[PDB]
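Okay, here we've got a single chain as structure tokens, the form deposited in one PDB entry, with questions on binding and movement later.
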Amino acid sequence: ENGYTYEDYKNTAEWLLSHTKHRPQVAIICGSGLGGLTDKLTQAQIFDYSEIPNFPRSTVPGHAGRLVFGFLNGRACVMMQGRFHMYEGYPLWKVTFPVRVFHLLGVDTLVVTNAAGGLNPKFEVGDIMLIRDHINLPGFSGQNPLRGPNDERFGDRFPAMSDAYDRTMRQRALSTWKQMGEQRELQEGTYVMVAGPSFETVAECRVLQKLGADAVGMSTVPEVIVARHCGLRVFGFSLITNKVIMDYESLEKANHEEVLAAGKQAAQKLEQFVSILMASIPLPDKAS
């Protein structure tokens, strides 16, 4: 919504449609460190957000501000590298502006990745959590991407979200993750979105864990809400990149010397895995 109108999204789509030979079926948003997925694209066309008519431009990081269209493993992707975050200052409706364009691009599935703080103790840095569900800690407050008036053209005024993280794919994913049989389990849980750019206190993590979130991060929910609101099929992962929770003993803090997750290897794993799943995303035109 706000800020943009339909015609904006349309133009944006059109420009991109009339500027890349590619029809992406799938959109992929990479969280921190899952940038590299873009390498796996074949026949990549890169746009700086930059060049795209309405696309929010990045707030600093920038290069890690790119939209690359590509084929990933039997699918017409379009991936965002460096998704936008509220805490950078966009409101939700620039954050999620792309999801709306990908729709108009034709994309019918979105897969969203983030990095996220492990709050379930079951979890070990490097883990991948497949997102079963989320808690929208900003939307409850007003900070929801679909807030202001609703374009019937993209979706219903009150989309449901109980089915957000599409179930079929949660399966193929869980199957697939055993298909190549790796060994720590493919995790699964609720991602709670928390906005702020700073990291949580211990009390904060308590409340988050006791709300039954398993991962905390700051992205995705808005993209997922706006995805689902125009019916994209969605799923995605968090790369657990750290965890805290207990008062006795800050032999440490909550920060970024813990958001590598072993480094490349965890991240690389998620990337393969995503690249693999390409294969499970139902084709569109017909598929059978």
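Throughout, rigid core stands for the largest set of C-alpha atoms superposing within 1.5 Å between the two forms. So that there is no doubt, residue numbering starts at 1 and follows the sequence shown.
This protein has a second form, the form deposited in another entry, left out of what is shown; the following refers to that one.
Lining up the core between this form and the one not shown shows that one residue from 260, 232, 52, 41 moves its Cα 2 Å or more, and that residue is 260.
The Cα-Cα distance between residue 200 and residue 261 is lengthened by 3 Å or more in the other entry relative to the form shown here. Three angstroms is the minimum change: in the other entry, the CA atoms of residue 260 and residue 237 sit farther apart than in this structure, by 3 Å or more.
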